[PDB]
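This document opens with one chain alone, in structure tokens, the form solved without the ligand.
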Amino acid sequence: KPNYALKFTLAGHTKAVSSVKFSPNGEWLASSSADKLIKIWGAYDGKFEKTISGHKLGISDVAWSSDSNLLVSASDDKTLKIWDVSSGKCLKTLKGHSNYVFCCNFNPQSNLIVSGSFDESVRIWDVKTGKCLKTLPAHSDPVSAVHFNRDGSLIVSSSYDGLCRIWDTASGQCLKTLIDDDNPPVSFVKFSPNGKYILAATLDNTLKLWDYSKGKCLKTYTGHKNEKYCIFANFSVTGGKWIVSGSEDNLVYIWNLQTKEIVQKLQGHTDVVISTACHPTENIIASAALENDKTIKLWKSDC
């Protein structure tokens, strides 16, 4: 079992945090907030680095390019922005969604961005030109998450319509729809590091690990509370193989991926834990709580 202990508590955002992400190179944590700001923090010391401003309304998600040089953000102002993190420059503003942009990610090459929106579509954008390449009529409710697979040939999307869908990046065809005899809103999805599986959160207090190739649920993780908020889940891969998630009871939950047992609950936040992220090389978790709490915490484990 891991032994995560609180190391640093960070604060600075003035409204609800929506997402935290560690840079792939391990140096930084990025956070996004309803305060319209992206903030960069030192991954190892929690030291505030800088604000990156420019969005006109709140931000729902931020994501790093695979070389850690760029960030993309998704905002209620109906744009995505691509940022050069080192300089803070806005490289491109991506206009095309007809309503709030809720989620975003680069492909592993980091030449494409995928976005999902309240407009119920998924869009695929060229990073260098900032132009939209494809629009997919993906869902019948807002799109909560979008993620490329290991080689970038597939995109997984999720929606409050209860569907997880897998799209062919090149053709835009809807290849698969995952259904578990029910339809609770899906608030998050992502491919596993090896690309074989899809991890999905639904607003019935459940995380599910799906076999992509088979279209079948392999494992479920339960014990936490998640009926309202868009709470990501993480694969922790630096030490023991865990699933990590925030929870609406103010705790971070950590499960054994294989056995599905809870192995730790992290106590310290005083409001919903809206987001978590796992450091790429060290056994470090970042957690962020909602607006009654307003802190981001860095926790470290020996394994």
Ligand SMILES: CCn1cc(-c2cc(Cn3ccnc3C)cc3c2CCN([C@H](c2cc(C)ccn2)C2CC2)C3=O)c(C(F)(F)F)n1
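If you superpose the two forms and keep the largest set of C-alpha atoms that fall within 1.5 Å, you have the rigid core. Each residue number is its position in the shown sequence, starting from 1.
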query = Comparing 220 to 228 with 167 to 175, which has C-alphas lying farther from the shown form in 7 other deposited structures of this protein once the core is aligned?
reply = 167 to 175
query = After a rigid core fit, does 268 to 276 or 239 to 247 show more C-alpha displacement in 7 other deposited structures of this protein?
reply = 268 to 276
Mean C-alpha B-factor comparison - 132 to 140 and 198 to 206, higher one = 132 to 140
task = Determine, for stretches 219 to 227 and 175 to 183, which one has the higher mean CA B-factor as deposited.
result = 175 to 183
request  = Would you mind checking which of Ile40, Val237, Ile254, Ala34 has the top Cα temperature factor in the PDB entry?
outcome  = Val237
Largest Cα B-factor, entry values, listed residues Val101, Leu112, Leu163, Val72 = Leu112
request  = Give the position of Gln267 by CA B-factor within its chain, expressed as the lowest, middle or highest third.
outcome  = highest
B-factor third for the C-alpha atom of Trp64 within its chain = lowest
task = Consider only the C-alpha atoms of the modelled residues in this chain, order them by B-factor as the entry records it, and name the third containing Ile155: lowest, middle or highest.
result = middle
query = In terms of the CA temperature factor given in the entry, to which third of its chain does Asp211 belong: lowest, middle or highest?
reply = highest
task = For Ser275, return the chain-relative third of its C-alpha B-factor as stated in the PDB record: lowest, middle or highest.
result = lowest
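Not pictured, yet referred to below: the form solved in complex with the ligand.
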Listed residue that, although the ligand is not shown, lies within 4.5 Å of it in the deposited complex (heavy atoms), from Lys216, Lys89, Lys131, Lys228 = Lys228
query = 171 to 179, 142 to 150, 106 to 114, 120 to 128: which one contacts the ligand in the deposited complex at 4.5 Å, heavy atom to heavy atom?
reply = 142 to 150
ask   = Taking the shortest heavy atom distance, is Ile59 within 4.5 Å of the ligand in the deposited complex?
value = yes
task = Consider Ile285 of the chain shown here, and say whether it contacts the ligand in the deposited complex, taking contact as heavy atoms within 4.5 Å.
result = no
key: Contact test in the deposited complex: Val263 vs the ligand, heavy atoms, 4.5 Å   = no
4.5 Å heavy atom contact, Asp76 and the ligand in the deposited complex = yes
ask   = Mind checking whether each of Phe22, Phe48 and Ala277 has a heavy atom within 4.5 Å of the ligand in the deposited complex?
value = no
